[PDB]
């Protein structure tokens, strides 16, 4: 073990809080005690979110080096870029964001979907936003490198930050510390977590949560919930990222597979489903917590679908991982007609 052997540039108020979605439990029979470690309440850096936790271990490199621009990439309502921007504005450096089409822009949204919610926030922070209608892919793209090549020509020194950083050397270190906080937090509250559920589409987040947890032989507590409807390259990458991190944080326990409940991905990436929404509402109507039609929401149903089928024991304490992404919610206004009388 050893995440401590890596330089960390704070970007968060510290240990992310864990919410007790208790009142939401009783609506689910009160079978399993639900808890949510709010990552969506990271910092003041434009709403926060998991990307920050990952970034904290990347900034050092950037800053220590004499760079000029921070270039990332992702979908339209990409939650990440919006946090790469905020990071850029804080490190006081230029930012170039590459947003491609990774979701069939619902017609009843075709207008606002590309200039409202997250992408907007990236512009307000003065980033060099750039739209491109390219397909969805949780792997390196052929527009990112080009953009990179672009600045390297203008006489600048850009810093690469792949989608979700999932393909960034220290993309996992971030959640390795995620684990550590969990362990420490179980002792403060006096509550152990039998299982921890969190979304996944590029890896890093969960992967690090694995190796981090792996530190305590608890990888098993983990319960990913595919949200990219491409379970293939996802369980693959999320699992590959997981081992790499281990090498770094000094973990031997190799990884072969992980609980990747892939029954809630449909339809594709970005488009939710009749259930997705029903959960988003319940969690909302019950707790007050907001989720989104691309991530947190889809896993919030998977979280509830399971609680139904008694996948857990009675009195079981499960820890849900809210990675934020609610700012995108505004680009899916249609999917939520007003409460029926």
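Positions refer to the first chain, counted from 1.
- Look at the mean CA B-factor for 274-282 and for 52-60 in the entry; the higher one is 274-282.
- 307-315 and 41-49 differ in mean CA B-factor, and the higher of the two is recorded for 307-315.
- Taking the deposited Cα B-factors for 86, 183, 211, 116, the highest one is held by 116.
- Comparing C-alpha B-factors across 198, 207, 148, 201 in the deposited entry, the largest value falls on 148.
- Annotation for residue 3: CA B-factor lies in the lowest third of the chain's modelled residues.
- Residue-level temperature factors show residue 160 in the middle third of its chain, judged at the C-alpha atom.
- Ranked within its chain, residue 299 lands in the middle third, by CA B factor from the PDB record.
- Residue-level temperature factors show residue 134 in the highest third of its chain, judged at the C-alpha atom.
- When all modelled residues of the chain are sorted by CA temperature factor, residue 332 is found within the highest third.
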